[PDB]
Amino acid sequence: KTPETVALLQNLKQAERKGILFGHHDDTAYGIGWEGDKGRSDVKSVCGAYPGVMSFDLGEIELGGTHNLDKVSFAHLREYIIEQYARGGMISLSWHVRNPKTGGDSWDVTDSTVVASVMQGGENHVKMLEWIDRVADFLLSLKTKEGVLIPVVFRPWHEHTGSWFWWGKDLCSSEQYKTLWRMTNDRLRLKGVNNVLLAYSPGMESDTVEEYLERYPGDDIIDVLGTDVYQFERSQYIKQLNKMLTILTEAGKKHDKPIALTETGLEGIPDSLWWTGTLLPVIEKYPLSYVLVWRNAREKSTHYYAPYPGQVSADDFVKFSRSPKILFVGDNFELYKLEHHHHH
Ligand SMILES: [K+]
């Protein structure tokens, strides 16, 4: 891993001391009522600072086209990534990859033999490695104008304990799933992709650490232990989020990995006090390195997870943002600076 990448990991590992970076998907790409405006951010428009983490998706890079599945160009993603690094924030990338057997999208679960087909000897193995190489080439293009590779937390194969993606629980064995991870790591390493940290991120199906780790590909592959948990009903969310963050904290101590709430949110945040009244009291109890809420879909204006100006939860988001526990660009962290000393 590059020096800046090791520094990022070491700074994620001191979350207990520094606080929780706040994140938003596609934050500088678009939001409610806009797309592509230079420097614009629904998060910054509400609270005045950029989120400490921004994530974007590489889905459809494997098809060799110019835009991802959410119609954002890869050349724009690279710009947004360079700009987030320049201001000192973190970047994460997910990968809603197409179905290599059916030609469908990530959510095509018609065929439960897709992962088998990309194993060694399978009809789609070479193509799967070509697809991963296309991700590798994009990652290698994430450079500062001075030529420094930009560290990224790459989070492929997510939500694998559910069965809504073609790599999900009912669609492959535990060993097949771990092999996806090994193929991914192998190709990234061969390509010299030394600017990636890998994050593991199943949802809330697991009730225990044993279950959470059943499909874990190993400490030598994974750098960040995450989970994706959304609010559908408040009491259940509080129970299930506490349950998963307890699992993450226990597992992260057992395996010496930082932890993160890699996706969460309340769609349309109709609860005007969601941020301080529901989310913060849960997450502040756990040593999270970051918490990321999902995109503000310009193309479906009910589908948003961060506020925007005038949105009913916006004032409360401002109050949340002022918590010393929650970190935005401008706050007291330096992700890419090594402080050169062991933990004790
Ligand atoms: K803050």
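The numbering scheme counts residues from 1 along every chain following its written sequence, independent of the entry's numbering, with residues that lack coordinates not shown. Calculated side-chain values reflect all of the structure's heavy atoms, with hydrogen atoms and water omitted.

Its PDB record attributes the structure to X-ray crystallography, giving the resolution as 1.500 Å.

Peer 1: Residue-level account of empty space enclosed by the protein, with values.
Peer 2: Every definition here rests on a 1 Å grid over the protein atoms only: cavities are sets of points where a 1.4 Å probe fits but cannot get out, pockets are open sets enclosed by protein on both sides within 12 Å along at least five of seven lines, and lining residues have some atom within 4 Å of a point. Grid points are joined across faces, edges and corners, and a volume is the space filled by probe spheres set on the points. All told, the structure shown has 2 cavities of 30 Å³ or more when counted by the stated rule. Reported here for the largest cavity is a volume of approximately 100 Å³. Forming the walls of the largest cavity are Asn11, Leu12, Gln14, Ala15, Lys18, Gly19, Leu21, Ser289, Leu327, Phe333, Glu334 and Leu335. Strands are runs of DSSP state E lasting at least 2 residues, helices are runs of H or I lasting at least 4, and numbering of each runs from the N terminus. Looking at the lining of the largest cavity, the elements that each hand over two or more residues are α1 (3-12) and α2 (15-18).

Peer 1: Lay out the layout of surface pockets with the relevant residues and their values.
Peer 2: Taken as a whole, the largest pocket spans an internal volume of roughly 970 Å³. In terms of lining, the largest pocket is formed by 30 residues, of which the most central are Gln10, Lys13, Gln14, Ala15 and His343. Counting residues per element, the ones that place at least two in the lining of the largest pocket are α1, α2 and α9 (234-255). Of the residues in the lining of the largest pocket, the class split is 8 nonpolar, 11 polar and 11 charged. Around the second largest pocket, the lining comprises 30 residues; the ones closest to its centre are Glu159, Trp164, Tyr230, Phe232 and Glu263. Charged residues are taken to be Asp, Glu, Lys and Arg, nonpolar residues to be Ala, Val, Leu, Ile, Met, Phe, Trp, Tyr, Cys and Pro, and polar residues to be all remaining types, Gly included.

Peer 1: Break down the coordination of the potassium ion for me, with residues and values.
Peer 2: Nitrogen, oxygen and sulfur within 2.8 Å of a metal are treated as its donors, or within 3.2 Å for sodium, potassium and calcium (Na, K, Ca); water is not counted, so a site can appear incomplete. Only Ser321 (O), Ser323 (O) and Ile326 (O) from the protein reach the potassium ion as donors, at distances of 2.4 to 2.7 Å. Motif for the potassium ion, donor spacing along one chain: S-x1-S-x2-I. Comparing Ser323 with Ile326, the two get one shared label, buried. With a 1.4 Å probe rolled over the protein chains alone, any residue whose accessible area is under 20% of its type maximum counts as buried; one over 50% counts as exposed, and the rest are partly exposed.

Peer 1: Could you give an account of the pairing of strand β4 (residues 53-57), with specific residues and numbers?
Peer 2: The buried fraction of β4 is high, at 5 of 5 residues. Only strands joined by at least two bridges in the DSSP assignment are considered to pair. As paired strands, strand β1 (residues 20-25) and β4 are joined by 3 bridges and run parallel to one another. The residue bridging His24 from the neighbouring strand is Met54, located in β4. In this sheet, strand β5 (residues 90-94) lies alongside β4 in parallel orientation, the contact comprising 5 bridges. Bridge pairing in β5 places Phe56 opposite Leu93. The path from the first strand over the helix to the second decides the hand: if it runs clockwise while the strands point away from the viewer, the crossover is right-handed. The β-α-β motif built from β4, the intervening helix α4 (residues 74-86) and the parallel element β5 has right-handed crossover chirality.

Peer 1: Tell me what's going on with the packing of α9 against helix α10 (residues 274-283), and back it up with residues and numbers.
Peer 2: When two helices pack together, their arrangement is captured by the angle between the axes and the distance separating the axes. To define axes, lines are fitted to C-alpha atoms, for helices over the stretch in contact only, and angles between the resulting N-to-C directions are given on a 0 to 180 degree scale. Contact pair α9 / α10: the axes reach a minimum separation of 9 Å and the direction vectors enclose 25 degrees. In terms of orientation, α9 and α10 fall into the roughly parallel class. The handedness of the crossing between α9 and α10 is right-handed. Side by side, α9 and α10 meet where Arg234, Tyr237, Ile238, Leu241, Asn242 and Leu245 of the first sit next to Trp274, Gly277, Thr278, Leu279, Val282 and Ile283 of the second. Here the residues of the contact of α9 with α10 sort into 8 nonpolar, 3 polar and 1 charged. Any angle that is under 35 degrees is reported as roughly parallel, and any over 145 degrees as roughly antiparallel; angles of 65 to 115 degrees are reported as roughly perpendicular and all others as oblique. Two helices crossing with the near one rotated counterclockwise from the far one by less than a right angle form a left-handed crossing, whereas a clockwise rotation gives a right-handed crossing. Note on contacts: a residue pair is in contact if any heavy atoms of the two residues lie within 4.5 Å.

Peer 1: Explain the pairing of strand β6 (residues 152-155) to me, and be specific about the residues and the numbers.
Peer 2: Side chains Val152 and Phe154 project from β6 onto one buried face, and the interleaved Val153 and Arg155 project onto a second face that is buried too. Where β5 and β6 come together, 3 bridges link them in parallel fashion. Within the sheet, the bridge partner assigned to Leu93 lies in β6 and is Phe154. The pairing of β6 with strand β7 (residues 196-200) spans 3 bridges and is parallel.

Peer 1: Describe the packing of helix α6 (residues 125-140) against helix α7 (residues 174-191), and please don't skip the residues or the numbers.
Peer 2: Between α6 and α7, the least distance of the axes is 9 Å, while the angle of their chain directions is 50 degrees. Considering the angle they form, α6 stands oblique to α7. When the axes of α6 and α7 are compared, the crossing they make is right-handed. On the side of α6, the interface is formed by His125, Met128, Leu129, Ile132, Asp133, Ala136, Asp137, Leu139 and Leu140, while α7 contributes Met183, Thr184, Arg187, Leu188 and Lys191. Residue composition of the contact of α6 with α7, by class: 8 nonpolar, 2 polar and 4 charged.

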